[PDB]
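Take a look at the structure set out below.
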Amino acid sequence: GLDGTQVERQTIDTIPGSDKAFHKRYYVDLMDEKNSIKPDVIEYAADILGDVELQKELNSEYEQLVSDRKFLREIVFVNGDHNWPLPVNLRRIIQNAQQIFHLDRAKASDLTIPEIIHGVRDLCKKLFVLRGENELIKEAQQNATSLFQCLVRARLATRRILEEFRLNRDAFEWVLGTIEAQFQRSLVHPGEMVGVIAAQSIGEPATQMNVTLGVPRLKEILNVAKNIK
Amino acid sequence: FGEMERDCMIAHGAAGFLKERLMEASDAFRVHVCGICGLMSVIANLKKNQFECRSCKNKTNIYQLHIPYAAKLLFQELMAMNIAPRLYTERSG
Amino acid sequence: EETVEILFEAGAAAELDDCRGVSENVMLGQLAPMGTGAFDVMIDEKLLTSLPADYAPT
Amino acid sequence: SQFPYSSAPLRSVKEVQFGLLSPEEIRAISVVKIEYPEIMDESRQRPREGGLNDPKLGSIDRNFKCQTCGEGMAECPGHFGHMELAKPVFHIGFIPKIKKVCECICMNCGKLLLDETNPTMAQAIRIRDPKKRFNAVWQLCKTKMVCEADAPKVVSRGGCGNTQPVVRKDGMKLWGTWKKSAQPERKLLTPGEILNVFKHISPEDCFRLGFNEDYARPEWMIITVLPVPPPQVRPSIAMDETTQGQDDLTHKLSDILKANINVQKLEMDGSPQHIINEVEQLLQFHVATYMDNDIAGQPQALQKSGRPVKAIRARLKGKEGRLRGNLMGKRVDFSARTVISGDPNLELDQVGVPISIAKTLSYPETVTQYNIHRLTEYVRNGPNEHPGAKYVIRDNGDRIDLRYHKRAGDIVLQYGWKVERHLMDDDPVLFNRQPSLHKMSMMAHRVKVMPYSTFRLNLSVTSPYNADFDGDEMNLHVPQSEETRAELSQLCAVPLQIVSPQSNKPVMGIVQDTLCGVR
Amino acid sequence: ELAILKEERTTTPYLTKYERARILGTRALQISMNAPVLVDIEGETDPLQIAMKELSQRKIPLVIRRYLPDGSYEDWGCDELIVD
Amino acid sequence: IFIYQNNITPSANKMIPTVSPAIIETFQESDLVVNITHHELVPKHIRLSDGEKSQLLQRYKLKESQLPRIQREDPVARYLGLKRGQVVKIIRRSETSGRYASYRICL
Amino acid sequence: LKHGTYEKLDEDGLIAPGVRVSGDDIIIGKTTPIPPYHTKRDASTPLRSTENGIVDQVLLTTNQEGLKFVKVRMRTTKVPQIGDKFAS
Amino acid sequence: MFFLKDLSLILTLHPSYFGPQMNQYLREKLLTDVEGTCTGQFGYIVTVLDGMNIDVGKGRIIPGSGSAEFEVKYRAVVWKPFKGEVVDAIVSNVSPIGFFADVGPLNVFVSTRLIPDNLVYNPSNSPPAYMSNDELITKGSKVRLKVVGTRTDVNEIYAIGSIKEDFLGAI
Amino acid sequence: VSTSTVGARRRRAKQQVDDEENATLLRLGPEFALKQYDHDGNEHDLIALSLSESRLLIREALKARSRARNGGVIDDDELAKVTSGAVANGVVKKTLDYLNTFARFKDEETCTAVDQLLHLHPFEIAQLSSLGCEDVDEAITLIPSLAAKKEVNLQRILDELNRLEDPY
RNA sequence: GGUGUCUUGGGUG
Ligand SMILES: [Mg+2]
Ligand SMILES: [Zn+2]
Ligand SMILES: [Zn+2]
Ligand SMILES: [Zn+2]
């Protein structure tokens with residue numbers, strides 16, 4: 001459902017690497033003292049340890065990430081490729097948020113884990129390629145934005161948000177709102193003559209071009225032949 | 001303003017510009033059609049304000065259409081080859 | 001392509017052309033149901049009646 | 001607004017309904033019967049009535065009016081006549097389908113060889129498409145060689161029992177071999193005989209083969225009365241200041257009239273059966289090549305100079321025919337063309353327009369209470385100085401040419417009037433280079449007026465146009481209303497095309513010196 | 001019969017590029033015919049720029065009728081579609 | 001289902017449709033050696049029910065002739081016993097969105 | 001009659017060499033009689049609407065059949081400017 | 001005879017009129033336009049039922065002109081004569097070659113040949129009128145007359161009747 | 001300009017002689033179809049108004065629109081004035097004076113009573129409510145179609161009509 | 001106030 005000018009190549013970070021690297025990047029543990037959040041990044045570091053009504057949510061997040069890993073590796077991209085043209089850049093949003101809110105000095109972050117998890121969940125339930133309360137509408141809507149939700153969850157993970165990007169609450173809310181708005185802007189407009197555009201996008205490159213290739217092969221393909229060279 | 005120029009204007013979605021290129025910057029014309037038989041056989045006397053399709057014996061259900069002069073010529077050539085193109089201004093089914 | 005033969009076949013079978021395409025509206029010099037011509041622009045009264053009462057038709 | 005007032009309502013074409021024209025309707029919509037060949041009266045002013053240049057057909061002269069509608073040459077659409085034929089003839093563009101129907105039907109009583117009794121045909125009827133239904137009925141009904149009188153106790157379907165002919169095509173002549181019961185007596189099937197057979201087909205039978213009761217009757221594929229197009233469709237031309245030759249269609253119609261009259265000189269007196277066929281076949285050939293001069297396996301109707309006649313089909317087909325040469329694309333006003341040049345000092349969406357072109361082209365600008373002073377200053381300036389104006393349009397459509405108007409100082413501009421001022425700075429114009437391989441070959445630019453006769457382009461836009469400055473030329477189109485100005489500026493403008501959907505990357509970059517220099 | 005009630009309108013709430021272009025063109029043409037102007041005109045005299053000013057302040061009194069492929073349509077006032 | 005080895009003569013073939021209300025289908029053994037629904041390029045087809053087909057048509061405000069189509073002789077339509085008017089749902093790999101559901105109606 | 005000026009022709013309907021000519025100006029005046037006063041149509045040859053110049057050599061003779069024959073050569077100078085094409 | 005007629009009228013509105021009191025201006029324009037007109041296809045439009053409550057709907061802007069089109073639908077009353085319909089009247093004019101009678105909004109003329117022969121004209125009577133032994137036709141009289149003709153002229157139509165048939169004439 | 005529910009009337013190959021009017025023979029024209037339509041396209045029986053129903057309808061519409069014109073605050077020669085325009089006033093004045101010179105039912109009550117009593121083809125239905133007729137003869141001769149229907153009832157209907165006719 | 005039609009050959013982009 002996206003306009004073809006609005007997408008940019010982006011790496012899907014849950015796909016590549018070994019399971020140990022994935023685990024170190026993505027898995028958080030509350031009971032385990034060493035493998036938890038680094039204390040020197042958050043105000044509330046001491047209050048975190050040992051909790052349960054939050055380690056449940058952390059485990060739910062990690063299980064969603066593992067589901068995404070399995071899905072992308074087994075259904076969509078079986079050969080491992082993880083750099084694909086997707087809608088709404090994430091790197092540039094994060095760095096713009098860092099620039100705007102001046103995220104230096106690694107200051108203690110006042111951004112709690114449950115607020116991060118619920119923020120990303122709400123964002124993932126706000127990207128509308130199709131609008132309607134119908135049930136086939138919901139199914140098509142979720143199939144439409146499955147890959148982009150996988151991307152948004154691969155980037156906005158709890159450990160990554162807290163350690164690698166060190167966002168505070170304001171920068172976090174700004175990232176979510178900007179993703180919302182730019183996704184709503186990346187959608188194709190009704191009235192596009194996508195057939196003429198596609199015909200031109202395929203035909204124009206043909207003006208610059210023992211397997212048969214190039215113009216004769218494209219001619220064979222379009223003039224569907226019962227036998228080929 | 002050939003066919004590929006039309007393709008580019010269609011890709012741009014500029015319908016009004018295309019209509020204005022092909023009509024007001026070129027052979028725009030006015031014809032009267034019979035609302036019943038749809039042939040351009042309506043005899044119009046604009047200074048006397050009187051109209052008639054003699055085939056249908058009609059004088060009240062007649063409409064004017066702004067169309068390219070080449071389109072009027074095309075319909076007249078079709079009539080010349082016994083083909084009847086019938087221009088109707090409303091859909092039925 | 002095959003303009004004359006296709007027109008003859010349309011005559012011999014009394015085809016009805018629904019005029020929903022692009023090229024058909026192009027050759028008749030009408031606004032195509034495409035891009036800027038894929039919708040209609042009405043005149044809104046609910047918003048209009050908010051105008052000052054001295055801006056009225058006389 | 002350039003059309004004189006008519007009281008009829010203005011509507012748009014929603015449906016086109018093709019079909020054949022019946023002889024009744026051809027006579028009905030006509031206005032004068034055409035029978036006299038000779039163009040002029042006796043080479044005397046205002047030629048012979050009932051000829052191919054009857055003034056009832058309409059006016060093609062500037063100082064004469066149409067005797068049918070009373071309108072000037074500009075407004076008169078032209079009016080059709082009719083010309084009854086002595087004998088019926090085949091329409092050249094329908095011979096194969098005439099042959100198919102001849103094979104399908106019973107050539108004596110006008111009935112389908114097989115009925116709805118047979119479930120195969122009973123299900124071939126069940127196709128909604130007329131053409132698929134006709135094919136599915138022809139692929140079955142073509143082999144039964146009798147009109148069986150009994151429906152499959154003895155149950156009669158109403159049939160007759162006469163044997164069927166083996167239809168064949170030789171040119172424009174439909175041969176039908178009747179294999180009686182040995183010697184198959186093969187007879188020629190004339191258009192009149194096929195017309196008689198075809199008039200007997202019943203409405204439901206006609207529907208089954210895929211025809212129509214109101215629009216396409218199978219006998220209307222045989223010509224008995226011929227429409228005569230107005231002279232607009234076949235206008236004359238001038239060769240050396242005093243000479244005119246008629247269009248090909250006019251001479252073709254004259255030849256048809258000669259053939260018709262020769263036919264009317266045989267069924268009125270002695271005619272020993274070997275001249276009637278010859279002259280009727282001459283009529284058939286003239287009528288055929290009047291419509292289609294590309295018939296396989298025969299000579300072509302030729303002109304005096306050796307060239308073939310421009311038939312109507314040839315008028316309609318090809319790159320230069322009506323559809324692709326006059327309807328899908330056409331020549332347009334308010335355009336300009338000249339060599340392009342590069343200008344490092346222009347903005348990306350600016351094009352430099354020569355003064356002479358800026359003065360030749362124009363934009364009609366409605367006078368309002370925000371532009372009346374500026375427009376009256378342009379009116380004072382005149383059509384020979386920039387910024388000036390070329391025309392003033394009054395509130396009823398009357399043009400005031402400001403060249404020949406010697407008293408340009410005594411015009412006061414009314415509201416709602418229109419001034420056709422010159423092309424000026426920042427006007428949006430569509431700019432274009434052929435071939436137009438993609439949507440970024442035609443882009444909207446802001447105007448900047450400059451001396452010299454060459455266009456100016458910022459050099460970063462030369463990549464989407466695929467242009468360079470060694471001879472190339474580009475076209476400029478001026479939008480003639482505010483709606484088209486807004487469309488250009490809000491959809492086609494150069495800044496809006498920097499990123500392309502073809503490969504979701506920019507198409508304009510930094511090129512040539514600006515690059516090498518930045519390195 | 002073919003109009004859609006204001007509750008079940010399931011099209012996009014955002015003005016598209018084509019709708020915006022045509023709305024601006026139509027308003028500019030209207031204003032150039034000495035129609036009344038709803039915004040306060042401070043500096044600009046060009047009808048297109050005045051139309052842009054009206055569009056930004058959600059004060060264009062027009063309606064977009066969006067036809068669906070089945071022939072039905074939805075009506076949206078210009079002031080309730082969202083302009084970026 | 002009538003699986004044969006070499007050929008089925010047209011005279012025998014003609015009895016298949018005139019034996020209502022039962023349905024007779026035939027396959028050749030050579031055709032059945034490989035299961036084509038296991039091929040990687042063949043996504044999983046799931047026939048809709050009548051109510052679900054109606055739901056699909058109303059959600060898209062569609063008529064039957066305005067759907068993408070599948071031939072009755074299609075190897076996967078032949079494998080699934082699709083009758084005229086029945087709608088399959090085809091979920092398949094999508095490199096731009098991950099997952100995509102397509103619908104085809106049987107000719 | 002054409003919309004150009006006829007005030008440059010001599011009594012023979014021909015302009016003389018040495019006279020500046022602009023576009024749309026008549027350089028050869030000719031009349032065609034009206035078949036059966038005011039009994040003539042014009043067949044005058046204007047200058048091309050684009051070109052300026054100066055008349056150089058007005059030739060006058062008779063053709064194979066003895067009818068009058070005229071050739072008028074114009075001259076002008078073109079100075080290079082923006083948009084002229086050059087190559088090595 | 002009066003017929004209840006649902007009818008419409010397509011209209012064109014200039015941008016200069018695009019104000020806050022639009023619907024009432026179009027209602028007045030419609031009321032002015034239709035109250036009184038004759039149409040060969042309908043009869044005579046005397047009034048319009050529920051005139052102030054006509055719905056102008058939503059107008060469409062014509063592309064290229066900027067004027068709004070309205071399909072103002074409403075139900076009105078129309079009066080049409082038909083050949084072979086009986087219509088009462090009162091005589092208006094008198095003349096040796098026949099007389100005129102005003103019917104509804106219209107005027108009906110009866111010819112000399114279509115009058116009972118007991119009727120004798122008088123140019124000298126006060127008031128001048130036809131008389132008869134037991135029959136009278138003077139100004140103000142009632143006439144139950146059948147219509148045997150109606151010409152459709154676009155602006156004004158005229159009907160010529162005949163009182164020559166039984167059960168008709170003076171009552 | 002003046003249009004109605006009658007739309008296409010598209011061209012079949014054949015014509016029809018049965019298009020001229022002859023009110024004796026139930027031929028009125030292709031504008032008064034036996035089943036009319038409304039402005040919502042729904043089917044609806046033809047309407048043929050007698051002079052009484054028509055006078056009541058016009059009076060009602062005029063007084064309603066007059067009350068609308070006055071902001072919320074008796075004779076046809078005055079009641080026709082409610083229209084706008086001189087041509088409007090003249091045409092409605094002629095119609096109203098014709099109605100008020102021949103309205104046998106000079107109230108809504110008796111018009112409603114005859115509506116109830118009558119409810120059959122609206123043509124003769126209205127012509128009976130508009131044309132007083134003494135006995136069966138006048139009806140069956142001015143309306144020659146009551147003969148070949150074998151449902152007459154003219155005797156009692158005309159009796160009750162002239163009975164309900166108010167004095168003058 | 002109204003400046004005609006078709007083919008052949010040689011080039012420009
Ligand atoms: Mg080049
Ligand atoms: Zn007609
Ligand atoms: Zn004419
Ligand atoms: Zn037979």
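Ordering of the structure tokens sets the chain letters (A, B, ...), residue numbers begin anew at 1 in every chain, and ligands are numbered from 1 in the order given.
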
For this session: Would you kindly return, as a VMD selection string, each protein, DNA or RNA residue with an atom no farther than 6 Å from any atom of residue B:29, considering only C-alpha atoms (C1' of nucleotides) and excluding same-chain residues fewer than 3 positions away?
Result: chain B and resid 66 to 69

Exercise. Using only C-alpha atoms (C1' of nucleotides) and all ligand atoms, which protein or nucleic acid residues are at most 7 Å from ligand 3, as a PyMOL selection string?
Worked result: chain D and resi 57-59+66-71+76-79

Can you write out the residues you just picked, keeping N, CA, C and O atoms, as a tab-separated table (two decimals), in the first residue's frame?
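Written file, out_1.tsv:
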```
chain	number	residue	atom	x	y	z
D	57	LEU	N	-26.77	20.28	-48.13
D	57	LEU	CA	-25.78	19.49	-47.40
D	57	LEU	C	-24.99	20.34	-46.42
D	57	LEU	O	-24.42	19.80	-45.47
D	58	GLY	N	-24.95	21.65	-46.63
D	58	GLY	CA	-24.26	22.57	-45.75
D	58	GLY	C	-23.31	23.48	-46.51
D	58	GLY	O	-23.07	23.32	-47.71
D	59	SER	N	-22.78	24.44	-45.78
D	59	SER	CA	-21.92	25.49	-46.31
D	59	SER	C	-20.45	25.21	-46.05
D	59	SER	O	-20.07	24.80	-44.95
D	66	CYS	N	-25.85	27.94	-44.85
D	66	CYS	CA	-26.43	26.62	-45.08
D	66	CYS	C	-27.92	26.78	-45.29
D	66	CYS	O	-28.60	27.40	-44.47
D	67	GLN	N	-28.43	26.22	-46.39
D	67	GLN	CA	-29.86	26.32	-46.64
D	67	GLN	C	-30.67	25.40	-45.75
D	67	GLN	O	-31.91	25.50	-45.76
D	68	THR	N	-30.02	24.53	-44.97
D	68	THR	CA	-30.74	23.65	-44.06
D	68	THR	C	-30.83	24.20	-42.64
D	68	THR	O	-31.91	24.18	-42.04
D	69	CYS	N	-29.73	24.70	-42.08
D	69	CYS	CA	-29.74	25.22	-40.72
D	69	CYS	C	-29.55	26.73	-40.63
D	69	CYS	O	-29.81	27.30	-39.56
D	70	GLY	N	-29.13	27.39	-41.71
D	70	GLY	CA	-29.01	28.83	-41.65
D	70	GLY	C	-27.87	29.36	-40.81
D	70	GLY	O	-27.96	30.47	-40.28
D	71	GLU	N	-26.79	28.60	-40.67
D	71	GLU	CA	-25.66	29.01	-39.86
D	71	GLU	C	-24.45	29.28	-40.74
D	71	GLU	O	-24.34	28.78	-41.86
D	76	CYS	N	-21.98	25.60	-38.87
D	76	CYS	CA	-22.77	24.54	-39.48
D	76	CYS	C	-22.03	23.21	-39.40
D	76	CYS	O	-20.92	23.10	-39.94
D	77	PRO	N	-22.59	22.19	-38.75
D	77	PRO	CA	-21.88	20.90	-38.66
D	77	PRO	C	-21.84	20.14	-39.97
D	77	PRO	O	-20.98	19.27	-40.13
D	78	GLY	N	-22.72	20.44	-40.90
D	78	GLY	CA	-22.92	19.62	-42.07
D	78	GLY	C	-24.10	18.68	-41.88
D	78	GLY	O	-24.47	18.31	-40.76
D	79	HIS	N	-24.72	18.31	-42.99
D	79	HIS	CA	-25.96	17.56	-42.98
D	79	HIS	C	-25.88	16.43	-43.99
D	79	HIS	O	-25.32	16.60	-45.08
```

Problem set entry | Exercise answer, chain D residues close to chain I, 10 Å and only C-alpha atoms, as number ranges by chain | D: 7-9, 21-22, 24-25, 213-217

For this session: Determine which residues of stretch 39-201 of chain A DSSP labels as alpha helix (DSSP H) from the backbone of this structure, then write them out as a PyMOL selection string.
Result: chain A and resi 45-48+55-71+91-101+113-124+135-144+146-155+158-159+169-185+194-201

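Neighbouring residues of ligand 1 at a cut-off of 8 Å, counting only C-alpha atoms (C1' of nucleotides) and all ligand atoms, are residues 467, 468, 469, 470, 471 and 472 of chain D; 13 of chain J.
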
Any chance you can output those residues with N, CA, C and O atoms (P, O5', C5', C4', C3', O3' and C1' of nucleotides) as a PDB file, in the first residue's frame?
```pdb
ATOM      1  N   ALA D 467      18.982  15.658 -21.793  1.00  0.00           N
ATOM      2  CA  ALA D 467      19.310  16.705 -22.744  1.00  0.00           C
ATOM      3  C   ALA D 467      20.766  17.127 -22.609  1.00  0.00           C
ATOM      4  O   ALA D 467      21.399  16.947 -21.567  1.00  0.00           O
ATOM      5  N   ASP D 468      21.293  17.695 -23.689  1.00  0.00           N
ATOM      6  CA  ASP D 468      22.549  18.420 -23.653  1.00  0.00           C
ATOM      7  C   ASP D 468      22.416  19.613 -24.580  1.00  0.00           C
ATOM      8  O   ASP D 468      21.348  19.872 -25.140  1.00  0.00           O
ATOM      9  N   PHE D 469      23.501  20.360 -24.741  1.00  0.00           N
ATOM     10  CA  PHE D 469      23.439  21.661 -25.388  1.00  0.00           C
ATOM     11  C   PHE D 469      24.219  21.663 -26.693  1.00  0.00           C
ATOM     12  O   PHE D 469      24.972  22.594 -26.977  1.00  0.00           O
ATOM     13  N   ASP D 470      24.059  20.620 -27.495  1.00  0.00           N
ATOM     14  CA  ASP D 470      24.728  20.514 -28.779  1.00  0.00           C
ATOM     15  C   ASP D 470      23.736  20.404 -29.927  1.00  0.00           C
ATOM     16  O   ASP D 470      23.974  19.701 -30.907  1.00  0.00           O
ATOM     17  N   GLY D 471      22.605  21.099 -29.827  1.00  0.00           N
ATOM     18  CA  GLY D 471      21.643  21.056 -30.908  1.00  0.00           C
ATOM     19  C   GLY D 471      20.226  20.783 -30.460  1.00  0.00           C
ATOM     20  O   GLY D 471      19.280  20.972 -31.227  1.00  0.00           O
ATOM     21  N   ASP D 472      20.074  20.321 -29.222  1.00  0.00           N
ATOM     22  CA  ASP D 472      18.777  19.868 -28.743  1.00  0.00           C
ATOM     23  C   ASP D 472      17.773  21.008 -28.750  1.00  0.00           C
ATOM     24  O   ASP D 472      18.129  22.181 -28.632  1.00  0.00           O
TER      25      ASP D 472
ATOM     26  P     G J  13      22.681  16.409 -33.601  1.00  0.00           P
ATOM     27  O5'   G J  13      21.841  16.469 -32.249  1.00  0.00           O
ATOM     28  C5'   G J  13      20.741  17.386 -32.119  1.00  0.00           C
ATOM     29  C4'   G J  13      19.679  16.845 -31.192  1.00  0.00           C
ATOM     30  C3'   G J  13      19.884  15.438 -30.649  1.00  0.00           C
ATOM     31  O3'   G J  13      20.853  15.493 -29.601  1.00  0.00           O
ATOM     32  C1'   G J  13      17.611  15.767 -31.283  1.00  0.00           C
TER      33        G J  13
END
```

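Based on only C-alpha atoms (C1' of nucleotides) and all ligand atoms, the protein and nucleic acid residues found within 10 Å of ligand 2 are, by chain and then by number, residues 33, 34, 35, 36, 37, 38, 39, 40, 41, 42, 52, 53, 54, 55, 56, 57, 58, 59, 61, 62 and 86 of chain B; 25, 28 and 29 of chain D; 10 and 11 of chain I.
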
Exercise. Residues of chain F within 12 Å of chain E, using only C-alpha atoms, as a PyMOL selection string?
Worked result: chain F and resi 57-63+66

Those selected residues, please, written with N, CA and C atoms and delivered as a CSV table (one decimal), in the first residue's frame.
```csv
chain,number,residue,atom,x,y,z
F,57,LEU,N,-17.0,-10.8,-0.9
F,57,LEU,CA,-17.6,-10.0,-2.0
F,57,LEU,C,-18.2,-8.7,-1.4
F,58,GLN,N,-18.8,-8.8,-0.2
F,58,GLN,CA,-19.4,-7.5,0.4
F,58,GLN,C,-18.3,-6.6,0.9
F,59,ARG,N,-17.2,-7.2,1.5
F,59,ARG,CA,-16.2,-6.3,2.0
F,59,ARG,C,-15.6,-5.4,0.9
F,60,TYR,N,-15.4,-6.0,-0.3
F,60,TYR,CA,-14.8,-5.3,-1.4
F,60,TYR,C,-15.9,-4.7,-2.4
F,61,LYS,N,-17.2,-4.9,-2.0
F,61,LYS,CA,-18.3,-4.4,-2.9
F,61,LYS,C,-18.1,-4.9,-4.3
F,62,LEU,N,-18.0,-6.2,-4.4
F,62,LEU,CA,-17.5,-6.8,-5.7
F,62,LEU,C,-18.6,-7.7,-6.3
F,63,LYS,N,-18.5,-7.9,-7.6
F,63,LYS,CA,-19.2,-8.9,-8.3
F,63,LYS,C,-18.2,-10.0,-8.6
F,66,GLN,N,-15.5,-9.6,-11.3
F,66,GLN,CA,-14.4,-8.6,-11.0
F,66,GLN,C,-13.3,-9.1,-10.1
```

Exercise. Mind listing the residues within 10 Å of ligand 4, only C-alpha atoms (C1' of nucleotides) and all ligand atoms counted, as JSON, numbers by chain?
Worked result: {"D": [105, 106, 107, 108, 109, 110, 111, 112, 113, 146, 147, 148, 149, 158, 159, 160, 161, 162, 163, 164]}

For this session: Could you give me, as a ChimeraX atom specification, the residues within 9 Å of residue E:8, counting only C-alpha atoms (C1' of nucleotides) and dropping anything in the same chain fewer than 3 positions from it?
Result: /A:132 /E:4-5

I need the chosen residues saved as a PDB file, in the first residue's frame, with N, CA and C atoms.
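So the final result, stored in again17.pdb, reads:
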```pdb
ATOM      1  N   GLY A 132     -10.933   0.747   8.576  1.00  0.00           N
ATOM      2  CA  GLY A 132     -12.218   0.089   8.727  1.00  0.00           C
ATOM      3  C   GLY A 132     -12.164  -0.872   9.899  1.00  0.00           C
TER       4      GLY A 132
ATOM      5  N   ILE E   4     -22.956   8.148   1.113  1.00  0.00           N
ATOM      6  CA  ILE E   4     -22.545   7.383   2.286  1.00  0.00           C
ATOM      7  C   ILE E   4     -22.715   8.267   3.511  1.00  0.00           C
ATOM      8  N   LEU E   5     -23.300   7.696   4.566  1.00  0.00           N
ATOM      9  CA  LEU E   5     -23.495   8.399   5.825  1.00  0.00           C
ATOM     10  C   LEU E   5     -22.167   8.768   6.477  1.00  0.00           C
TER      11      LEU E   5
END
```

Exercise. When the cut-off is 12 Å and we count only C-alpha atoms, which residues of chain E are near chain A, given as a PyMOL selection string?
Worked result: chain E and resi 7-20+66-69+82-84

Problem set entry | Which residue of E:51, E:63, E:78, E:33 approaches chain C most closely, using only C-alpha atoms | E:63

Exercise. Taking only C-alpha atoms into account, which residues of chain H are within 12 Å of chain D, as number ranges by chain?
Worked result: H: 9-12, 14-16, 62-66, 69

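We find atom CA of residue D:454 and atom CA of residue D:339 to be spaced 5.1 Å apart.
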
What are the nearest atom pairs, with distances in Å to one decimal, for all residues of chain B that come at most 8 Å from chain D, using only C-alpha atoms, set out by chain and rising residue number as a Markdown table?
```
| residue | atom | partner | partner_atom | distance |
| --- | --- | --- | --- | --- |
| B:1 | CA | D:330 | CA | 5.5 |
| B:2 | CA | D:329 | CA | 4.1 |
| B:3 | CA | D:329 | CA | 5.2 |
| B:4 | CA | D:436 | CA | 5.8 |
| B:5 | CA | D:436 | CA | 6.3 |
| B:6 | CA | D:329 | CA | 7.5 |
| B:7 | CA | D:439 | CA | 7.7 |
| B:8 | CA | D:439 | CA | 4.5 |
| B:9 | CA | D:439 | CA | 7.3 |
| B:11 | CA | D:439 | CA | 6.1 |
| B:12 | CA | D:439 | CA | 6.6 |
| B:13 | CA | D:491 | CA | 7.9 |
| B:14 | CA | D:487 | CA | 6.3 |
| B:16 | CA | D:484 | CA | 6.2 |
| B:17 | CA | D:484 | CA | 5.1 |
| B:20 | CA | D:484 | CA | 7.7 |
| B:21 | CA | D:332 | CA | 6.6 |
| B:22 | CA | D:332 | CA | 7.2 |
| B:25 | CA | D:333 | CA | 4.9 |
| B:26 | CA | D:332 | CA | 5.1 |
| B:30 | CA | D:3 | CA | 7.3 |
| B:31 | CA | D:77 | CA | 7.1 |
| B:41 | CA | D:29 | CA | 6.0 |
| B:43 | CA | D:69 | CA | 6.0 |
| B:44 | CA | D:69 | CA | 5.8 |
| B:45 | CA | D:69 | CA | 5.4 |
| B:46 | CA | D:6 | CA | 6.1 |
| B:49 | CA | D:7 | CA | 7.1 |
| B:53 | CA | D:29 | CA | 7.4 |
| B:54 | CA | D:29 | CA | 6.1 |
| B:55 | CA | D:28 | CA | 4.6 |
| B:62 | CA | D:8 | CA | 6.4 |
| B:63 | CA | D:9 | CA | 5.3 |
| B:64 | CA | D:10 | CA | 5.1 |
| B:65 | CA | D:11 | CA | 5.8 |
| B:66 | CA | D:12 | CA | 7.7 |
| B:68 | CA | D:327 | CA | 7.8 |
| B:70 | CA | D:326 | CA | 6.2 |
| B:71 | CA | D:327 | CA | 7.0 |
| B:73 | CA | D:233 | CA | 6.7 |
| B:74 | CA | D:322 | CA | 7.0 |
| B:76 | CA | D:229 | CA | 7.2 |
| B:77 | CA | D:312 | CA | 7.1 |
| B:79 | CA | D:227 | CA | 7.5 |
| B:80 | CA | D:227 | CA | 5.8 |
| B:81 | CA | D:291 | CA | 6.5 |
| B:82 | CA | D:21 | CA | 5.3 |
| B:83 | CA | D:20 | CA | 4.8 |
| B:84 | CA | D:19 | CA | 5.0 |
| B:85 | CA | D:18 | CA | 4.7 |
| B:86 | CA | D:17 | CA | 4.8 |
| B:87 | CA | D:16 | CA | 4.9 |
| B:88 | CA | D:15 | CA | 4.9 |
| B:89 | CA | D:13 | CA | 4.7 |
| B:90 | CA | D:14 | CA | 5.6 |
| B:91 | CA | D:14 | CA | 6.4 |
```
